[PDB]
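The chain that follows stands alone, in the form deposited in one PDB entry, written as structure tokens.
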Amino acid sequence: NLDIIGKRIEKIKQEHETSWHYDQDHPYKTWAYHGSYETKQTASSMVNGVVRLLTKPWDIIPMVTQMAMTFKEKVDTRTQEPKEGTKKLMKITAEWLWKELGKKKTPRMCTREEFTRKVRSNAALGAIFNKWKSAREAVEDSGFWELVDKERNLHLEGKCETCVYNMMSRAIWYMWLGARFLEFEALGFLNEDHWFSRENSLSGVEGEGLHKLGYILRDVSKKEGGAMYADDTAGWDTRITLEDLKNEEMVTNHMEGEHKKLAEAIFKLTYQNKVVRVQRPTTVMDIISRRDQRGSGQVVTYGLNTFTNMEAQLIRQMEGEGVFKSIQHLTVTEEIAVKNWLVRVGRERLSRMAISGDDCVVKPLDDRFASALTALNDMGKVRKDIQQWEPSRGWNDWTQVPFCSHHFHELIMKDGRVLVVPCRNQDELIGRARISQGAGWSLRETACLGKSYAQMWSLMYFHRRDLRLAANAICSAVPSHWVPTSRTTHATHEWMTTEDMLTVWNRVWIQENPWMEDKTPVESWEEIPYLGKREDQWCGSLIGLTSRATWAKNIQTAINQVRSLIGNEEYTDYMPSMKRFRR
């Protein structure tokens, strides 16, 4: 308890010595409270005017327009200790899984140089404002690195002074840049060296991209076995047990020297003991602590969520196959049965899964998996939107399975070749492209973000009539040489380029596509198919509405409206790449 966290707590106490008070009316029940201090501060979603002016029919669709407007009764709940049989299953599986992931990889420290390069190309490293303005300036100043050094040597000594979380759909634990550095130095290798690539982890999809995820699900569907299960966990990050954090820490068993000590300190001092500052309007700042749940950098969180989800799903597969009888206790001969299953078939069983952090698809050996719920529930990985002991409902067709907010279509080109394409309800896609985050956007910066959405649509969602038309309109309305941008950048964004989008389409879908045997390039956008018109409507198309027909017919007028706002620049007309504007 206070031996490991007190020092961090002590230090915050003194910087607000004028304000410290143990509030008697504190709302915490599962979080250990410690004190409050005085602050007074808050980032709403702003509309992208370039995208909205070129998507007029959606101005009267509430599912789009409501997205731009506007549970902590789940962070403040508790998870029970798993039974002894469950703890044994997790420990054997985790031991086995780090060894498999480690066979073709070497753990190593990430460098100041690597960290500096990341900051100088705008990645989301979840850091706070204070002594320097931005991340770019702290990294170019030697004083920073001396603070990093002090903390670094405190960790080698097994103590922590400044590694404190600041809490703020999605929960992010902002730390100061220095604490983020030390996390990256010790555990960055998991992402930097692709430990959760499909080649390395067999279940993982790190670095894949939406042009690959549908082909991966179709390959899983080809295995003999039962339904495809895609059960979401209710509040995954809140269900990570202290036993989970201890099995994750076993990656340190594969390390040596300074690295092993620096990694052991991240896990012991920051992950398995947390210090958090939270804004309460009663506006004060509460200093709360707890031992369990996930609270790490976004990138480390993705890797360890993937690890622990692979572990949980192998165990659910073991339960379905009758490898063990009860979670109450594993007998000595069950332990050897479990180890032997892992050695014998473990890699085959990993290949039956697609796992992206808390998100999974599993094609088990048979449908016994559906009612194999004892280990899953006892590990705390309770399924969302279904009663605890009700058997899972599986999917009979890989094209129906949800994964990473998409489903996937099989789309046959006029020349017979097969595309497996990503898809989701079109209101969601249009609604997101109409939103920006943060202040100080110039018209040029707003235009270049619209262009990023348009090029993503061309590459990933070309098969949706409305999005190929709107993408061509936005690319016609934004100056041809202006570079697409994002302010927040495990997937490949091939659309972030000033290269011709037909050339990028050929590279992604034909040349580098390992599922496409015939490498014959496509010569025009007219060779690139759409979904069936009825399927396009099913997935949210406005094709057939009077509003949509008027928009398509008069698109030049909309393009010209945006060009007139941006001013006298060099523009290209991309509409004649479409049959209906080609005379």
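Quick note: we count residues from 1 along the sequence shown, nothing fancier. Note that the rigid core is defined as the largest set of C-alphas that superpose within 1.5 Å between two forms.
Not on display, but discussed next: the form deposited in another entry.
Of the residues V401, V362, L342, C475, exactly one exceeds or equals a 2 Å C-alpha shift between the shown form and the other one once the rigid core is aligned, and that residue is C475. Once both forms are fitted on their core, the CA shift for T30 between the shown form and the other one remains under 2 Å. Once you line up the core between the shown form and the other one, the Cα of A454 ends up 2 Å or more from where it was. Core-superposed comparison between the shown form and the other one: the C-alpha position of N122 differs by no less than 2 Å.
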